[PDB]
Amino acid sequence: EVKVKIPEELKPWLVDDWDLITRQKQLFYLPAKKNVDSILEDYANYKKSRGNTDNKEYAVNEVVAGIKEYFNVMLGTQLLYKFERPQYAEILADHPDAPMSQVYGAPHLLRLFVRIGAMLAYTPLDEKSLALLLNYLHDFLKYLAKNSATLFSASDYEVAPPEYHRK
């Protein structure tokens, strides 16, 4: 009974991401130059400076925590193409005690919001902040869509090395 609406200003970038990963065999520069942690902190800072002074910040930080948790729990299993799995294994091996929110960046964060609705409506990891995240995700997506130009780009992708195809 929950479905997340991706902004219309973001679907062409999802098409570009699918084309760059599955059909052009390119890879996102891991670790990201700006990881999910820094993006969430940027969103928090952008939400602080507004009309309501201090009477919204607790929920903002809690929503950031929920977003980071769902990303860290869904990345390696649901937010990965088949071609990115060797890169994921190498990232896990080289950086074992590093949550995915420190490694991946904007495109995988976006990919989270196309499948999180399955876990929110059926296997929520926290039922105490479930209703808050449902309230805030359709504005976090608007923030992402407003910053799409600086967050999503083909510059962060590189052609995969020839030894990668052997995995």
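The numbering used is simple: start at 1 and walk along the sequence shown.
Per-stretch averaging of Cα B factors for 88-96 and 71-79 places 88-96 on top. Here the stretch with the larger average CA B-factor, out of 154-162 and 10-18, is 154-162.
Between the residues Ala121, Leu133, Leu110, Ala32, it is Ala32 that shows the highest Cα B-factor in the PDB record. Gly51 sits in the highest third of its chain by CA B factor, as recorded in the PDB entry.
When the CA B factors of the chain's modelled residues are split into thirds, the value for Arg115 lands in the lowest one. Among the modelled residues of its chain, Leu125 has a C-alpha B-factor that falls in the highest third, as given in the PDB entry. When the modelled residues of the chain are ordered by C-alpha B-factor, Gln24 sits in the lowest third.
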